[PDB]
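Which chain is which? The protein sequence lines are A and B, in order.
With the entry's author numbering as the guide, the letters of the first sequence map in order to residues 44 to 59, 99 to 293.
With the entry's author numbering as the guide, the letters of the second sequence map in order to residues 69 to 92, 97 to 269.
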Amino acid sequence: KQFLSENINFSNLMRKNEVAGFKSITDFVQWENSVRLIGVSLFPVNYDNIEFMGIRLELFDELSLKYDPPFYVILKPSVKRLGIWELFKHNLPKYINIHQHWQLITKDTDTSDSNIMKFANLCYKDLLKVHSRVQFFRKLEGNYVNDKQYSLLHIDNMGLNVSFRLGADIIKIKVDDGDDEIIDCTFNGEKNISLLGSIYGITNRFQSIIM
Amino acid sequence: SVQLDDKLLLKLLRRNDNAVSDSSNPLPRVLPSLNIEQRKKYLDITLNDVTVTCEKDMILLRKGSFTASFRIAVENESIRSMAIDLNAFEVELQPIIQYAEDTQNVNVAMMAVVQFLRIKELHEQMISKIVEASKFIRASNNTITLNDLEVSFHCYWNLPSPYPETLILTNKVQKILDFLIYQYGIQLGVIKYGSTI
Ligand SMILES: [Ca+2]
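In structure tokens, the structure reads:
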């Protein structure tokens with residue numbers, strides 16, 4: 044019964099007794115790997131005397147095209163407030179403010195399937211501002227602009243600070259969420275207002291314009 | 069009665085048992105059960121409001137009478153080619169899927185079609201709550217009208233991320249409404265903007 048994999052690897056979705103009401107355990111895993119693609123997912127951790135509720139958070143990476151490993155946030159059935167969920171064990175980056183999102187939604191009072199979907203979507207969102215923002219600098223590797231190559235030198239965890247070379251000169255940058263705005267730039271070491279405008283439109287289209 | 073090798077989750081249920089004990097023998101020694109039944113009921117309440125289905129190779133996402141068909145090709149183990157078809161929503165959603173289908177980025181496609189249907193249900197029940205709560209009338213999803221005044225409701229995208237944010241416009245004045253939605257909040261502000269002006 045091990046056709047279910049932890050990562051959402053692409054093969055499970057394709058090729059070719100009632101389980102779930104579905105045809106067969108294969109045709110269930112095709113449906114489950116389908117849904118899960120959305121990047122956000124709800125799935126049970128089941129034990130004989132208890133059931134935790136997990137939250138799948140999965141990013142799609144376009145470099146090698148595959149998903150990154152699922153991140154889990156897990157919720158324990160509560161006590162002292164009797165029929166509601168409470169936060170349990172989370173592995174998520176330290177940049178995602180997990181707890182400030184729990185309170186913003188449930189206020190700890192009402193934890194409802196309706197409100198928990200709103201909870202992930204808030205975490206997952208903060209997770210894709212960061213990933214999508216780093217990745218945009220990875221995707222440019224090898225690309226020319228103004229017929230000068232771009233290689234990337236360094237980028238930090240969450241990608242506010244970056245250094246790339248563009249065809250022999252080093253541009254440094256600093257960014258401010260969630261504007262994804264460029265607040266500072268150093269061109270070959272001296273102050274630069276040109277590239278400043280924004281993290282996307284302006285760092286291709288405005289790289290050609292002045293400099 | 070199947071014992072699952074998940075192997076991240078199993079490394080997590082162990083960790084914080086161990087990370088809170090760094091504070092000075098907390099190891100599980102027991103693995104969870106798997107029962108497709110509950111697992112499905114969970115995948116259900118996550119899609120709630122919309123069905124996923126498959127007629128190979130394409131996989132359909134459907135909220136009633138709307139079909140976003142994603143045909144996908146995989147050459148192991150990596151995706152290669154993604155393609156898409158919608159109905160009636162081509163325009164509203166266009167900008168985000170320009171990106172999606174253009175990177176062959178799949179989850180950005182899905183999660184955006186999901187959150188568009190959700191911002192569409194939000195506006196439709198937001199506009200209901202406004203029309204019965206004051207003197208206003210409706211034209212489509214987009215628009216409501218009071219006398220000479222026309223207020224449109226619809227979503228825009230910050231192109232990278234699949235989450236749409238809301239945009240409430242009107243024939244001028246703009247500065248005024250926009251601020252009464254912020255301070256007094258999207259319903260009570262768009263009620264107030266149908267009194268002063
Ligand atoms: Ca309970």
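Backbone N, C-alpha and C define an ideal beta-carbon position, used for all residues, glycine too.
So which residues of chain A does residue i contact, with C-beta pairs closer than 8 Å?
i, result
"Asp129 (chain B)", "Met57"
"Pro104 (chain B)", "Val127, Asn128, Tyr129"
"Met182 (chain B)", "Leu119, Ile120, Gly121"
"residue 289 (chain B)", "Not covered by the structure: residue 289 (chain B). The range shown for chain B is 69 to 269."
"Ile191 (chain B)", "Ordered by position in chain A, no residue passes the 8 Å Cβ test against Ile191 (chain B), which lies about 11 Å from the chain."
Using the Cα positions of residue i and residue j, report the straight-line distance between them to the nearest angstrom.
i, j, result
"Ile248 (chain B)", "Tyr265 (chain B)", "8 Å"
"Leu242 (chain A)", "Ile255 (chain A)", "8 Å"
"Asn203 (chain A)", "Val111 (chain A)", "23 Å"
"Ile284 (chain A)", "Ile107 (chain A)", "49 Å"
"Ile191 (chain B)", "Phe161 (chain B)", "13 Å"
"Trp184 (chain A)", "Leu169 (chain A)", "8 Å"
"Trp113 (chain A)", "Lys211 (chain A)", "28 Å"
"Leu239 (chain B)", "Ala102 (chain A)", "41 Å"
"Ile180 (chain A)", "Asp229 (chain A)", "43 Å"
"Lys44 (chain A)", "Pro104 (chain B)", "15 Å"
"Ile252 (chain A)", "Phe142 (chain A)", "30 Å"
"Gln170 (chain B)", "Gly249 (chain A)", "30 Å"
"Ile275 (chain A)", "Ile281 (chain A)", "13 Å"
"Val223 (chain B)", "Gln187 (chain B)", "22 Å"
"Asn52 (chain A)", "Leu221 (chain B)", "52 Å"
"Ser91 (chain B)", "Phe219 (chain A)", "40 Å"
"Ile156 (chain B)", "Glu164 (chain B)", "15 Å"
"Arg287 (chain A)", "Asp259 (chain A)", "21 Å"
"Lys75 (chain B)", "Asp129 (chain B)", "30 Å"
"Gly136 (chain A)", "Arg247 (chain A)", "42 Å"
Kindly indicate the opening and closing residues of the beta strand (DSSP E) around residue i.
i, result
"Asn99 (chain A)", "Unbroken run through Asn99 (chain A): none, as it is neither H nor E."
"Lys171 (chain A)", "167-172"
"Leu81 (chain B)", "It is not in any beta strand (DSSP E) - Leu81 (chain B) instead sits in the alpha helix (DSSP H) that spans 77-87."
"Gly136 (chain A)", "133-139"
"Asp258 (chain A)", "251-258"
"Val146 (chain B)", "138-147"
"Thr242 (chain B)", "237-242"
"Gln231 (chain A)", "230-237"
Mind pulling the chain B residues with CB within less than 7 Å of residue i?
i, result
"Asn173 (chain A)", "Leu80"
"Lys211 (chain A)", "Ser233"
"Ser214 (chain A)", "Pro232, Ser233"
"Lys176 (chain A)", "Neighbours of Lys176 (chain A) on chain B: none; closest Cβ ~14 Å, over 7 Å."
"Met199 (chain A)", "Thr118"
Mind listing the chain A neighbours of residue i? Cutoff is C-beta to C-beta under 9 Å, in chain order.
i, result
"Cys126 (chain B)", "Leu56, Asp109, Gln112, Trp113, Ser116"
"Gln176 (chain B)", "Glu144, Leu147"
Starting from residue i, follow the alpha helix (DSSP H) in both directions and report where the run begins and ends.
i, result
"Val122 (chain B)", "Premise fails: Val122 (chain B) is in no alpha helix (DSSP H) and is neither H nor E."
"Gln217 (chain A)", "195-220"
"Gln197 (chain B)", "178-203"
"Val111 (chain A)", "107-118"
"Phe251 (chain B)", "246-256"
"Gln289 (chain A)", "287-291"
"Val244 (chain A)", "Looking at the DSSP string, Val244 (chain A) is not in any alpha helix (DSSP H); the run it does join, the beta strand (DSSP E), is 243-248."
"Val163 (chain B)", "162-175"
"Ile187 (chain A)", "180-188"
Which chain A residues are close to residue i, counting only those with a beta carbon under 7 Å from its beta carbon?
i, result
"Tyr114 (chain B)", "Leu124, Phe125, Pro126"
"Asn148 (chain B)", "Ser54"
"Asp74 (chain B)", "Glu49"
"residue 93 (chain B)", "Coordinates for residue 93 (chain B) are absent; the numbering of chain B skips from 92 straight to 97."
"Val203 (chain B)", "Ordered by position in chain A, no residue passes the 7 Å Cβ test against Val203 (chain B), which lies about 24 Å from the chain."
"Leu252 (chain B)", "None at all; the shortest Cβ gap to chain A is about 23 Å."
"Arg111 (chain B)", "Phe125, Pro126"
Mark residue i as exposed unless 16 or more other C-beta atoms lie within 10 angstroms of its C-beta, in which case mark it buried.
i, result
"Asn99 (chain A)", "exposed"
"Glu272 (chain A)", "exposed"
"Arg101 (chain B)", "exposed"
"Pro175 (chain A)", "exposed"
"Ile291 (chain A)", "exposed"
"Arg118 (chain A)", "buried"
"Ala172 (chain B)", "buried"
"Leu133 (chain B)", "buried"
"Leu231 (chain B)", "exposed"
"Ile108 (chain B)", "buried"
"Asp73 (chain B)", "exposed"
"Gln71 (chain B)", "exposed"
Run down chain B in chain order and give the residues with a C-beta less than 9 Å from the C-beta of residue i.
i, result
"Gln45 (chain A)", "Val70, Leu72, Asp73"
"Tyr232 (chain A)", "The contacting residues do not exist; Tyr232 (chain A) stays about 18 Å from chain B at best."
Using a cut-off of 8 Å between C-beta atoms, extract the partners of residue i located in chain B.
i, result
"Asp195 (chain A)", "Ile117, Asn120"
"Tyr154 (chain A)", "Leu76, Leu77, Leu80"
"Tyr282 (chain A)", "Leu231, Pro232"
"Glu133 (chain A)", "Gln110"
Okay, do the segment 80-91 of chain B and the segment 113-126 of chain B touch, 3+ Cβ pairs below 8 Å being the bar? no
When the Cβ atoms of the segment 170-189 of chain B are set against those of the segment 104-123 of chain A, are three or more pairs found closer than 8 Å? With three or more CB-CB distances shorter than 8 Å, the segment 170-189 of chain B counts as touching the segment 104-123 of chain A.
On the three-pair Cβ rule with 8 Å, is the segment 151-158 of chain A touching the segment 207-221 of chain B? no
Using 8 Å as the Cβ pair cut-off and three pairs as the minimum, do the segment 160-174 of chain A and the segment 138-155 of chain B touch? no
Is it a yes or a no for the segment 140-147 of chain A touching the segment 142-158 of chain B, going by three-plus beta-carbon pairs under 8 Å? Touching, yes, given that three or more Cβ pairs across the two stretches are closer than 8 Å.
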